[PDB]
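What follows is a set of notes on a single structure, which appears directly below.
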Amino acid sequence: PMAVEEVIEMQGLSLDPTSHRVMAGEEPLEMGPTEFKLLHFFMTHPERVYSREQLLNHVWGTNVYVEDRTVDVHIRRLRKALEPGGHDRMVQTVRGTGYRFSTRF
């Protein structure tokens, strides 16, 4: 995608950095700012697995302080927001290791 604020798309799921609009095809999806940031990170760092520690650093930063399970909490809310189109299946748990976003499922 040779464009910075360009719309990211994967398996029918699109995310607009400018308007913060996320869609399963043409149906709009609802999620908070943390989930959006998490989804944005996943769609741009696909297939690879990340520990909660890595996801905390990439998404929450450092000037805040959050526990690892908080990641699990927002992973849940994100999956929940992605259900309409079944895209929640793209947010996958890597047993006792972390999470990955995949087109394969």
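Residues of segment 22-54 being touching a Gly at 6+ places or on another chain (Cβ under 7 Å) and either crowded, with 18+ Cβ neighbours inside 10 Å or in contact (Cβ under 8 Å) with a residue 60 or more places away in the chain (or both), which ones?
Scanning segment 22-54 gives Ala24, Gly25, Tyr50, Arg52.
Quick check on my filter: what residues within segment 56-105 are farther than 26 Å from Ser14 by Cβ and touching a residue at least 40 places away in the same chain (Cβ under 8 Å)?
Passing the criteria: only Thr97.
All Cβ positions, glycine included, derive from the backbone under ideal geometry; neighbour counts span all protein chains shown. No value in this document is a laboratory result; all are computed from the given coordinates.
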